[PDB]
Every structure is written in structure tokens, then in C-alpha cells.
Amino acid sequence: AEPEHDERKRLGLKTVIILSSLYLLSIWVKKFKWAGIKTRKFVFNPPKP
Amino acid sequence: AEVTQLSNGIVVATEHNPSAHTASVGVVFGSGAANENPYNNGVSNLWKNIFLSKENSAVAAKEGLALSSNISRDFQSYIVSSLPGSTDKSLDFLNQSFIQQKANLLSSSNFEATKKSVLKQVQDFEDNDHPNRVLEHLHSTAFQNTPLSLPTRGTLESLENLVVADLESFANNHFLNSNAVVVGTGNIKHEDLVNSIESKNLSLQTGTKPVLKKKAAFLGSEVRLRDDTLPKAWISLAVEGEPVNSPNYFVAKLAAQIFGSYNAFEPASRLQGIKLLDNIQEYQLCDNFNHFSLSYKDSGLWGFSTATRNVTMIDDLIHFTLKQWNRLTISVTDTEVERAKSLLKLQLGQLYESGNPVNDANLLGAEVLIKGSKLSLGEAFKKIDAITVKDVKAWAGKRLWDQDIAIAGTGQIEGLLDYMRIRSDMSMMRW
């Protein structure tokens, strides 16, 4: 019923390692690219009439 | 074209020029706004204002003398202009105000009338001089929590809380001898002035040195002063430049000349040999712009400033300008470098040699205070002409390519994209 069994699981191990790594790496890249907006600071000085 | 300077007790510097009609004398101190603190910021500007006060100014006017002073970041200067004959009466007024009246200028009726003037002054600046207001803020964020970040005119808050004791405190720490240089420009000889000075003795606080601090550093950042009620958008952008007395002081100054300055309303300006003009003139991206290579003791700023009414295309203005700067690292041409050399000489000339001794005084004092001597105009040209395309390319690859920047702007700046967008344009994709 599942002749591809052994091969399928081998390909799975490769696929899951790459995607896991890619996922972790993307988070780091995203945080870096966002740091300027994230730590951004505002100050309000009411304009005179 | 003579740079004469000798030290006896006080370091005396002069630059004589026969045909002049007038002559100027004064002292220049090796300490300015970069020596103040966030809380006594504005002390130097205050001094300048009392030194020019109605009382003190009326005394020299009777005598036929004129007063002038300028506050900068690394230095400060007090100057008295006169005819070629009264080159001595200036030295009397100078000593009279810095030793005898260093307590008469600080009365409770003069200081209060002066303080009220600098307050309406600095306030007026922040309310209307947008381009300078922005350039001042550029230094503010670029060098934050460091000396160069302090505005020369001082902040309205550190100003209204400043007292006479602070003036004295600063004066007793920076208006010293080892941190001073007596300058003389106009027509008078080096040996003419040096005599009238070595005559009157008295050291007055000798051996004393000013306090030290922490070295100035650049930080990629920005400050956005949005104001939708203004009719334009004023922005200034820069990378860490070159300090005075740097091997690249000139390459940088030349690099800025390549893009130079522009004024969309002056017909001749539109015809200049700047490639950037082909891009910005199609949709009229700005009313004007001007590049610069500001230099100071510890650091500098290389970039440009611009003003625009095309508030919906600011990203193109910034994008094209930054694409042109990319070229300095990879494709600047020989003829662009050459066009720059000529134009740099022309502007450097008009600065070092105008028909006004007061400018000469400031330049002379400022230079001798940082490098113990002045570089002759002719010596500069030799260095300028020696610059090759390879030099510009090596410099840009270090200061411009993929380097942090500093930004500041006011007015209708909604169209000025985020930091990372601008920051990304400091380079190009390649295989």
C-alpha cells in the first residue's frame, strides 16, 4: 500500500531540517529589519495659538 | 599670503595684507558650544551678546571702533575693527573688557536686558529659520549625548535658567591663556602688533587648563519635526564626515563639490554640469539643495540639505540624490573630478580672500588653534589638484557605501519614507 514509505521518510528529514532553519533565520532577520520602528520614540509639545 | 605667528607668553597670530583700508584685532578661544553641558548650554552665545551690548558698544563707538563676535562649536571669538592707525586703541578696549570690565558688563541691569534679547532671538530662530533649525537638529541627533550635539545659540530652557555666576564659571575655565590666540588681520604688521602686546605684562590666571571630557561619536539616527502647517519640507541628510586635520579633508570637500548646490529659480543654476539635475528637473523635485563637508576637531558631517514644495515626490528626490552618491564608489568620471577641482578652488578662494578682515580673523584664529599654523591658499591648491579618481573612490567606499546616516527635517515631511528605506539606498545590488 505504501511502497514509497522508506524514501518518503528520508526526504521528510531533509525537508523538515531546512524549513526549521529557514523559519528560525527569518525571525532574526525580521527583528533586525524592524528594530528602528520598534524602539522609535515620540514627544508632544503643544503648539501655541 | 603670509602666515606669521610667534609665542612669548601669549601665542600671537597675524596675516598682513597691505591694501586693506581697515584692520581688525581680537582674541579667539579654543572652546565653544562643544565645551558646554546640556544645562549651561547657551553661555557662550550670552557672552557674545553682552560683549556687544549697548553699554560696551557705545564706548568703542565714541572711539571710532566697531564690534564683532561669533560663537561656533570648537571655538569662540571677540573682535574689534578699526582704521589702520588706531591699531593700538583696539588693544586697549580688548584688555579693558576682558580684565577690567569682566565684572562691569555683568551688572543686574545689563544681564537682564541682554538675557531678554537672546531669548527673543533664539525663539525667533526656532520659529522661522527652518533650514538652519534643521541643520542644527541634524548635529543634535547625529552626535547625540556627545559635544557636537549642543546647538550654538543654546536651548531656550538652558537659557532662561542661566545666571551671572554661570557666565563667570565658564569664563574662569575657558577664557584662559593656554586656550587663547590673539589675532590681527587687516594691514598691520606682525611685528607692529606683537610689540604693543609684549609691552603690557600680567598673565591673569596662567598655568590653568580647561576641563576635559569624552570624545565625540557619530550615531546613525533621525529626528523628524513634522509640521503640516509649513508650506515646504526641509530635510538634511549626512554620513560621518572628516575632522579638520584629516588626510581626506580635501577629497571629501571635493566630493561635495561634484553635486554642489542648486537653485531651481536661477537660470544658470539649471545649466550646471551635475548629472543629478537631469533627474530632478523633469518633475521639479525641489526648490534647492546644497552639499557640504562640515569639519570639526573630533568629527564631521558629509551630506546635503534641500527644500521642496513637491510634497508627493520626496521619495524620488531622496532616491535620485542617493543613487548619484553611490556613483562616487563605482563610476565617477575624470571630468566630474576635474570640474570639481576648479570649482573648489574658486569657492575656497572667495572664502580665504574677501574684502573683510573680520572673516580673516576668525579663520586665522580657528586654524592656528587646532593645528598650530595655517595652511596657505597656494598650499591647498597643490593638494586639491593632486586628487585622482582613485582617491574619491577609496574615500566614498569608506564613508558612503553601506554606511549609517543621520536625518532631520521639518514641514510637510509625510512623504519622507522610513529610515531603512533611505538607509538601503546607500548601496546597490550586484552579482
Side-chain angles (χ1 to χ4, degrees), chain B residues 1-8 10-17 20 23-35 44 48 68-81 94 147-148 152 174-190 193-194 197 210 216 241-254 256-257 292-302 344-384:
Chain B
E2 279 213 1
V3 183
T4 49
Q5 180 232 48
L6 285 173
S7 181
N8 358 114
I10 311 170
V11 48
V12 187
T14 56
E15 189 167 74
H16 44 124
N17 191 248
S24 297
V25 192
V27 57
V28 181
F29 303 103
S31 287
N35 304 269
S44 297
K48 172 196 165 181
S68 280
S69 180
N70 171 251
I71 307 301
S72 187
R73 285 185 155 61
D74 302 314
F75 71 86
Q76 200 162 169
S77 70
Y78 301 85
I79 298 165
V80 194
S81 290
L94 213 293
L148 283 320
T152 62
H174 305 287
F175 289 6
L176 309 177
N177 186 63
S178 49
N179 185 63
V181 163
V182 45
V183 190
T185 62
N187 74 322
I188 50 88
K189 304 177 181 62
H190 176 44
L193 183 68
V194 71
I197 296 176
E242 298 292 4
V244 297
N245 214 70
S246 165
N248 294 113
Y249 175 88
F250 287 103
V251 186
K253 250 168 187 299
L254 180 132
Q257 194 67 225
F292 54 69
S293 188
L294 269 34
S295 297
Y296 304 106
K297 179 171 157 56
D298 290 336
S299 186
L301 294 183
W302 190 100
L344 215 204
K345 290 176 185 171
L346 179 69
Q347 80 138 320
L348 214 53
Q350 295 174 273
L351 257 183
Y352 280 26
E353 52 174 72
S354 180
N356 194 346
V358 310
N359 294 165
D360 284 283
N362 281 97
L363 301 173
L364 211 192
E367 261 220 81
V368 301
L369 271 162
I370 311 173
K371 37 194 296 182
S373 57
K374 174 176 177 177
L375 193 68
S376 55
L377 195 59
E379 258 292 292
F381 285 28
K382 282 187 179 177
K383 286 191 176 299
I384 291 179

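Any value given below was found using the heavy atoms of this structure, including those in side chains, with hydrogens, waters and symmetry copies removed. Lettering of chains follows the sequences in order, A, B, ..., and the numbering in each one begins at 1.
The ring pair (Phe, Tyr, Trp, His ring centres under 6.0 Å) test applied to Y78(B) returns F51(B), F98(B), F175(B), not counting sequence neighbours. Under the ring pair (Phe, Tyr, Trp, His ring centres under 6.0 Å) criterion, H174(B) pairs with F170(B), not counting sequence neighbours.
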**Worked verdict on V11(B) versus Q5(B) for side-chain contact (heavy atoms from CB on, under 4.5 Å)** = CA-CA 7 Å; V11(B) 48; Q5(B) 180 232 48; 3.4 Å; yes

**Request:** For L348(B) and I384(B), run side-chain contact (heavy atoms from CB on, under 4.5 Å): C-alpha distance rounded to whole Å, both residues' side-chain angles, the deciding distance at 0.1 Å, then the answer.
**Result:** CA-CA 11 Å; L348(B) 214 53; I384(B) 291 179; 3.9 Å; yes

**Asked** Yes or no on side-chain contact (heavy atoms from CB on, under 4.5 Å) for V12(B) and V182(B), after CA distance, side-chain angles and deciding distance?
**Response** CA-CA 5 Å; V12(B) 187; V182(B) 45; 3.6 Å; yes

**Prompt:** Do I79(B) and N362(B) pass the side-chain contact (heavy atoms from CB on, under 4.5 Å) test, and can you show the C-alpha distance, the side-chain angles, and the key distance before you say yes or no?
**Reply:** CA-CA 9 Å; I79(B) 298 165; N362(B) 281 97; 3.5 Å; yes

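Applying the side-chain hydrogen bond (donor to acceptor under 3.5 Å, both in side chains) rule to pairs touching residues 177-186 of chain B yields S31(B)-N179(B), sequence neighbours excluded. Pairs engaging residues 348-359 of chain B under the side-chain hydrogen bond (donor to acceptor under 3.5 Å, both in side chains) rule: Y352(B)-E367(B) [sequence neighbours left out]. Sequence neighbours left out, the pairs with a member in residues 242-252 of chain B that pass side-chain hydrogen bond (donor to acceptor under 3.5 Å, both in side chains) are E242(B)-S246(B), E242(B)-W395(B), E242(B)-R399(B). The side-chain hydrogen bond (donor to acceptor under 3.5 Å, both in side chains) analysis of residues 368-384 of chain B, with sequence neighbours excluded, yields the pairs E15(B)-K374(B).
Residues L94(B) and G26(B) share a closest heavy-atom pair of CD2-CA, 3.9 Å. Nearest heavy-atom pair, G349(B) versus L377(B), reported as atom, atom and distance to 0.1 Å: CA-CD2, 4.3 Å. Shortest non-hydrogen contact noted between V28(B) and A361(B) is CG2-O, 4.5 Å.
Put simply, CZ on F381(B) and CG on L375(B) are 11.0 Å apart, with the number rounded to the nearest 0.5 Å. Considering CG of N17(B) and CD of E2(B), their distance stands at 11.0 Å, rounded to 0.5 Å. In this structure, the separation between CD on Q257(B) and CG on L346(B) is 8.5 Å, given to the nearest 0.5 Å.
With hydrogens and angles ignored, the 3.5 Å screen pairs no side-chain donor or acceptor of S299(B) with any backbone N or O of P243(B). With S44(B) contributing its side chain and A33(B) its backbone, the two residues share no donor-acceptor pair below 3.5 Å.
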